[PDB]
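Trainee: The structure is given below, and queries will be raised subsequently.
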Amino acid sequence: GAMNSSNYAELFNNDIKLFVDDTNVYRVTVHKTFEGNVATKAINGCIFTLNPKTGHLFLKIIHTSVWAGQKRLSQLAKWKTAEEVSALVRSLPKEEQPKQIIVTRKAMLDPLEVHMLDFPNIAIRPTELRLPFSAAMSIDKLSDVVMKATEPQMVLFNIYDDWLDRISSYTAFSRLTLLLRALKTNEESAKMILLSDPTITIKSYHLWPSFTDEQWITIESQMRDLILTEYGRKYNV
Amino acid sequence: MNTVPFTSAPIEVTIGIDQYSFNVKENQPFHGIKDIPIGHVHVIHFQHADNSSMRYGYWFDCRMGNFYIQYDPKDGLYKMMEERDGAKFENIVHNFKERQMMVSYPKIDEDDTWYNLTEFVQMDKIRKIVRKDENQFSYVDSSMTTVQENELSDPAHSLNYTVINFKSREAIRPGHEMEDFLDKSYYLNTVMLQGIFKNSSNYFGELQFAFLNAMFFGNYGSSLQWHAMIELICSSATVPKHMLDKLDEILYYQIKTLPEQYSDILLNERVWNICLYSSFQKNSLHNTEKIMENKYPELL
């Protein structure tokens, strides 16, 4: 069924599963027309599909052309997301195909379910957790590749950089969600924290700086502090 | 006018015929129902005074034979049986009448209700759902399951309704995933109307059969089937105008006939809010909308 705090360690067993986040698929700006009405201009979006065990990210870029001459665009983004996740699954070797797929938003259930009809033994699951994958686009290199594209384009990353070489999935995923939680809550601050020290650099093949172990601890501590600060400010606690 | 005699009434029971029904007391001398309109299907059903669980009955059509009712004490229920001896049957029928131990099918001539409920119900179609082809009449009860339910146990006792699944390959043409699923016209018109049911009138017959089975037996699979058949039409952007208008009439009479205190299990909140207010056919069930609002404003 649904994924929550009870069945949380299931993400890290050896059953291949993916997360699908669609929040960044249909992205717009809002502006005023010459006649003063309101009008939306769309920009390149991205499907965020992620293997929480291995860090493998399947970042499907969604070009603005896909909207050209289309109605009920927000509804359509769901079906497109589902189309493109199903095409990803079909392109993978049977043994690489996932046993399950977790949509971070319950609206995607029907579209994906329809689209995955040919894989009846692939379970589509909602989640009760409140994952922060909408802030995927606060990661500089992901936003850059999205915003540069001239055509539908698939790009592969490992969103854990090389961390697994020294830590576990569970921990990797926790770091990942924490860093994204902060970037969501106050991006300017979260980003200050990650880049303050010009001497800790981001490898060309990596998304995050090459912190030593000790430095990761500092950083998690600073990220945690930021997130508590922002909540007190939100509710006057 | 046809008659259905009863051998005997050993046990206290509430007997129903079509939408009528009568209390009969243990070893009351009851011997049958007379003046039954030749022309439609009928259904005679039972609820024992001792087990309000398991209501049960038999669908039939007098033009197919002479049927009577006999209590079987091994199985403990009223069984429908057919007499093959033409002469021997009229003899029991005329004696009980002249002893007047029979109740008259009590039809007001203004009332078109049973026909409106059974307009499209044919026996031949019924016996392809309650397969038991050594008998010309069909037995249904509260606890019988359908074929879709068996999928998600004993197949002899199956209700072989037509299987409708909105999230199936059948219903969803590859490439038209979003289209076919927001707009079930394909599924309705080509798969189900032209392919499986052949015409509108069979479709309706099954829909109406489903309803009556749920109403008279609280057959929970039958309720589900009826709402699925409604749902498919109401989720179809392109429907023949004759079917819409007939559907508005068919439901109207269904809502009208339902016991008022059962509106909670037999009416699926989602499907009806979709038909009447959300779906393509919101504007097209004027009569069903209106009865629904004035009778069951709560559920909406």
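We name chains A, B, ... following the order of the structure tokens; residues begin at 1 in each chain, and ligands are numbered from 1 as shown.
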Which residues of chain A sit at most 12 Å from chain B, using only C-alpha atoms? Give each one's shortest atom pair and distance in Å (one decimal place), in chain and ascending residue order, as CSV.
Mentor:
```
residue,atom,partner,partner_atom,distance
A:75,CA,B:178,CA,9.8
A:76,CA,B:178,CA,8.3
A:77,CA,B:178,CA,10.9
A:78,CA,B:178,CA,9.5
A:79,CA,B:178,CA,6.3
A:80,CA,B:178,CA,9.0
A:81,CA,B:178,CA,11.4
A:82,CA,B:178,CA,9.7
A:83,CA,B:177,CA,8.8
A:86,CA,B:177,CA,11.7
A:87,CA,B:175,CA,11.8
A:108,CA,B:178,CA,11.9
A:109,CA,B:167,CA,11.4
A:110,CA,B:167,CA,8.3
A:111,CA,B:178,CA,7.2
A:112,CA,B:177,CA,9.8
A:113,CA,B:167,CA,7.4
A:114,CA,B:167,CA,5.8
A:115,CA,B:177,CA,6.6
A:116,CA,B:167,CA,9.8
A:117,CA,B:169,CA,6.6
A:118,CA,B:169,CA,8.0
A:119,CA,B:169,CA,11.0
A:120,CA,B:168,CA,9.8
```
Trainee: Could you pull out the helix (DSSP H, G or I) residues of stretch 119-232 of chain A, going by DSSP on the backbone, and write them as a PyMOL selection string?
Mentor: chain A and resi 133-138+140-148+163-165+169-185+187-195+213-232
Trainee: Quick one: pull the distance between atom CA of residue B:235 and atom CA of residue B:163, Å, one decimal.
Mentor: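 Computing it gives 16.5 Å between the two atoms.
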Trainee: Give me every strand (DSSP E or B) residue in stretch 22-193 of chain A, going by DSSP on the backbone, as a ChimeraX atom specification.
Mentor: /A:27-32,38-43,45-50,56-62,100-103,123-125,127,153-158
Trainee: What's around stretch 14-26 of chain B at 6 Å? Count only C-alpha atoms, leave out sequence neighbours fewer than 5 positions away in its own chain, and write the answer as a count of residues only.
Mentor: 6
Trainee: So that I can see what lies close to residue B:41, please list as a list in words the residues with an atom at most 7 Å from it, counting only C-alpha atoms and leaving out residues fewer than 5 positions away in the same chain.
Mentor: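 So, after excluding close chain neighbours, the residues are residues 59, 60, 61, 121, 122 and 123 of chain B.
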Trainee: Quick one: everything within 12 Å of residue B:266, counting only C-alpha atoms, minus sequence neighbours fewer than 5 positions away in the same chain. Send it as a PDB file with N, CA and C atoms, in the first residue's frame.
Mentor:
```
ATOM      1  N   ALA B 210     -28.973  -6.372 -13.092  1.00  0.00           N
ATOM      2  CA  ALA B 210     -28.030  -6.117 -12.020  1.00  0.00           C
ATOM      3  C   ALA B 210     -28.750  -5.372 -10.946  1.00  0.00           C
ATOM      4  N   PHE B 211     -29.528  -4.353 -11.334  1.00  0.00           N
ATOM      5  CA  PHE B 211     -30.154  -3.523 -10.312  1.00  0.00           C
ATOM      6  C   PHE B 211     -31.115  -4.335  -9.477  1.00  0.00           C
ATOM      7  N   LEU B 212     -31.873  -5.201 -10.110  1.00  0.00           N
ATOM      8  CA  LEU B 212     -32.974  -5.857  -9.410  1.00  0.00           C
ATOM      9  C   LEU B 212     -32.457  -6.896  -8.437  1.00  0.00           C
ATOM     10  N   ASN B 213     -31.398  -7.573  -8.890  1.00  0.00           N
ATOM     11  CA  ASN B 213     -30.654  -8.522  -8.058  1.00  0.00           C
ATOM     12  C   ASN B 213     -30.118  -7.797  -6.798  1.00  0.00           C
ATOM     13  N   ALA B 214     -29.625  -6.569  -6.950  1.00  0.00           N
ATOM     14  CA  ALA B 214     -29.151  -5.889  -5.761  1.00  0.00           C
ATOM     15  C   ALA B 214     -30.308  -5.460  -4.891  1.00  0.00           C
ATOM     16  N   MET B 215     -31.402  -5.099  -5.508  1.00  0.00           N
ATOM     17  CA  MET B 215     -32.475  -4.546  -4.714  1.00  0.00           C
ATOM     18  C   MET B 215     -33.181  -5.627  -3.914  1.00  0.00           C
ATOM     19  N   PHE B 216     -33.517  -6.754  -4.549  1.00  0.00           N
ATOM     20  CA  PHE B 216     -34.302  -7.828  -3.963  1.00  0.00           C
ATOM     21  C   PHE B 216     -33.478  -8.787  -3.123  1.00  0.00           C
ATOM     22  N   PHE B 217     -32.186  -8.870  -3.375  1.00  0.00           N
ATOM     23  CA  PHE B 217     -31.332  -9.714  -2.545  1.00  0.00           C
ATOM     24  C   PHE B 217     -30.191  -8.988  -1.889  1.00  0.00           C
ATOM     25  N   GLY B 218     -30.062  -7.696  -2.043  1.00  0.00           N
ATOM     26  CA  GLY B 218     -28.856  -7.096  -1.538  1.00  0.00           C
ATOM     27  C   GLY B 218     -27.692  -7.952  -1.970  1.00  0.00           C
ATOM     28  N   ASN B 219     -27.620  -8.211  -3.278  1.00  0.00           N
ATOM     29  CA  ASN B 219     -26.477  -8.903  -3.871  1.00  0.00           C
ATOM     30  C   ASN B 219     -25.438  -7.842  -4.147  1.00  0.00           C
ATOM     31  N   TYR B 220     -24.356  -7.877  -3.369  1.00  0.00           N
ATOM     32  CA  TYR B 220     -23.395  -6.773  -3.388  1.00  0.00           C
ATOM     33  C   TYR B 220     -22.629  -6.728  -4.712  1.00  0.00           C
ATOM     34  N   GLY B 221     -22.298  -7.877  -5.338  1.00  0.00           N
ATOM     35  CA  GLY B 221     -21.705  -7.843  -6.676  1.00  0.00           C
ATOM     36  C   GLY B 221     -22.608  -7.209  -7.732  1.00  0.00           C
ATOM     37  N   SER B 222     -23.906  -7.442  -7.629  1.00  0.00           N
ATOM     38  CA  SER B 222     -24.861  -6.915  -8.606  1.00  0.00           C
ATOM     39  C   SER B 222     -24.932  -5.383  -8.553  1.00  0.00           C
ATOM     40  N   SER B 223     -25.138  -4.804  -7.348  1.00  0.00           N
ATOM     41  CA  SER B 223     -24.866  -3.389  -7.100  1.00  0.00           C
ATOM     42  C   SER B 223     -23.576  -2.925  -7.772  1.00  0.00           C
ATOM     43  N   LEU B 224     -22.464  -3.615  -7.562  1.00  0.00           N
ATOM     44  CA  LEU B 224     -21.238  -3.066  -8.147  1.00  0.00           C
ATOM     45  C   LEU B 224     -21.332  -3.020  -9.675  1.00  0.00           C
ATOM     46  N   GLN B 225     -21.985  -4.045 -10.264  1.00  0.00           N
ATOM     47  CA  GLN B 225     -22.021  -4.188 -11.718  1.00  0.00           C
ATOM     48  C   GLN B 225     -22.864  -3.087 -12.326  1.00  0.00           C
ATOM     49  N   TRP B 226     -23.976  -2.811 -11.663  1.00  0.00           N
ATOM     50  CA  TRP B 226     -24.947  -1.808 -12.094  1.00  0.00           C
ATOM     51  C   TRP B 226     -24.305  -0.456 -12.064  1.00  0.00           C
ATOM     52  N   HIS B 227     -23.621  -0.165 -11.015  1.00  0.00           N
ATOM     53  CA  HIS B 227     -22.958   1.117 -11.010  1.00  0.00           C
ATOM     54  C   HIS B 227     -21.856   1.174 -12.043  1.00  0.00           C
ATOM     55  N   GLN B 254     -35.578   3.198 -11.265  1.00  0.00           N
ATOM     56  CA  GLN B 254     -34.759   2.426 -10.324  1.00  0.00           C
ATOM     57  C   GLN B 254     -34.678   3.161  -8.985  1.00  0.00           C
ATOM     58  N   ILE B 255     -34.242   4.417  -9.027  1.00  0.00           N
ATOM     59  CA  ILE B 255     -34.331   5.277  -7.869  1.00  0.00           C
ATOM     60  C   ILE B 255     -35.757   5.281  -7.318  1.00  0.00           C
ATOM     61  N   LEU B 258     -36.606   1.991  -5.258  1.00  0.00           N
ATOM     62  CA  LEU B 258     -35.771   1.572  -4.129  1.00  0.00           C
ATOM     63  C   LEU B 258     -36.422   1.883  -2.780  1.00  0.00           C
ATOM     64  N   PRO B 259     -36.420   0.933  -1.833  1.00  0.00           N
ATOM     65  CA  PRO B 259     -36.783   1.249  -0.451  1.00  0.00           C
ATOM     66  C   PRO B 259     -35.976   2.446  -0.006  1.00  0.00           C
ATOM     67  N   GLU B 260     -36.659   3.357   0.712  1.00  0.00           N
ATOM     68  CA  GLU B 260     -36.088   4.646   1.103  1.00  0.00           C
ATOM     69  C   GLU B 260     -34.998   4.481   2.144  1.00  0.00           C
ATOM     70  N   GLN B 261     -35.104   3.456   3.000  1.00  0.00           N
ATOM     71  CA  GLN B 261     -34.151   3.273   4.092  1.00  0.00           C
ATOM     72  C   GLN B 261     -32.883   2.527   3.664  1.00  0.00           C
ATOM     73  N   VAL B 271     -20.169   7.462  -7.994  1.00  0.00           N
ATOM     74  CA  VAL B 271     -20.580   7.250  -9.378  1.00  0.00           C
ATOM     75  C   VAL B 271     -21.675   8.225  -9.748  1.00  0.00           C
ATOM     76  N   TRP B 272     -22.562   8.494  -8.803  1.00  0.00           N
ATOM     77  CA  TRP B 272     -23.744   9.287  -9.098  1.00  0.00           C
ATOM     78  C   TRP B 272     -23.418  10.771  -9.163  1.00  0.00           C
ATOM     79  N   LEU B 299     -27.175  12.311   0.156  1.00  0.00           N
ATOM     80  CA  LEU B 299     -26.108  11.657  -0.584  1.00  0.00           C
ATOM     81  C   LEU B 299     -25.427  12.581  -1.586  1.00  0.00           C
TER      82      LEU B 299
END
```
Trainee: Name all residues at most 10 Å from stretch 238-249 of chain B (count only C-alpha atoms; drop same-chain ones fewer than 2 positions away) and give them as a list in words.
Mentor: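 Those residues are residues 116, 117, 183, 184, 185, 186, 188, 189, 200, 201, 204, 230, 233, 234, 235, 236, 251, 252, 253, 254, 280, 281, 284, 285, 286, 287, 288 and 289 of chain B.
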Trainee: Using Å and a single decimal, report how far atom CA of residue A:156 sits from atom CA of residue A:52.
Mentor: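 Straight-line distance from atom CA of residue A:52 to atom CA of residue A:156 works out to 14.2 Å.
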Trainee: As a ChimeraX atom specification, please: the residues near stretch 231-236 of chain A (cut-off 12 Å, only C-alpha atoms, same-chain neighbours under 4 positions excluded).
Mentor: /A:181-182,185-186,224-227
Trainee: Output N, CA and C atoms of each residue in that selection to a file, as a PDB file, in the first residue's frame.
Mentor:
```
ATOM      1  N   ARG A 181      15.343  19.212   1.864  1.00  0.00           N
ATOM      2  CA  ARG A 181      14.462  19.931   2.782  1.00  0.00           C
ATOM      3  C   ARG A 181      14.908  21.370   3.046  1.00  0.00           C
ATOM      4  N   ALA A 182      16.202  21.569   3.371  1.00  0.00           N
ATOM      5  CA  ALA A 182      16.731  22.939   3.600  1.00  0.00           C
ATOM      6  C   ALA A 182      16.643  23.825   2.349  1.00  0.00           C
ATOM      7  N   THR A 185      13.167  24.998   2.082  1.00  0.00           N
ATOM      8  CA  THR A 185      12.617  25.889   3.103  1.00  0.00           C
ATOM      9  C   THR A 185      13.161  27.290   2.946  1.00  0.00           C
ATOM     10  N   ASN A 186      14.471  27.418   2.814  1.00  0.00           N
ATOM     11  CA  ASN A 186      15.085  28.710   2.521  1.00  0.00           C
ATOM     12  C   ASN A 186      16.260  28.440   1.597  1.00  0.00           C
ATOM     13  N   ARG A 224      20.322  21.211   9.660  1.00  0.00           N
ATOM     14  CA  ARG A 224      19.283  20.977  10.657  1.00  0.00           C
ATOM     15  C   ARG A 224      18.920  22.269  11.374  1.00  0.00           C
ATOM     16  N   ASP A 225      19.926  23.024  11.854  1.00  0.00           N
ATOM     17  CA  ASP A 225      19.672  24.322  12.485  1.00  0.00           C
ATOM     18  C   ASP A 225      18.859  25.257  11.586  1.00  0.00           C
ATOM     19  N   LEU A 226      19.206  25.351  10.300  1.00  0.00           N
ATOM     20  CA  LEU A 226      18.444  26.218   9.415  1.00  0.00           C
ATOM     21  C   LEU A 226      16.960  25.849   9.432  1.00  0.00           C
ATOM     22  N   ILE A 227      16.660  24.540   9.393  1.00  0.00           N
ATOM     23  CA  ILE A 227      15.295  24.094   9.174  1.00  0.00           C
ATOM     24  C   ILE A 227      14.445  24.330  10.407  1.00  0.00           C
TER      25      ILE A 227
END
```
Trainee: Could you state the separation of atom CA of residue A:131 and atom CA of residue A:4 in Å, given to one decimal place?
Mentor: 10.5 Å
Trainee: Find, counting only C-alpha atoms, the residue in A:193, A:146, A:68, A:154 that gets nearest to residue A:49.
Mentor: A:154
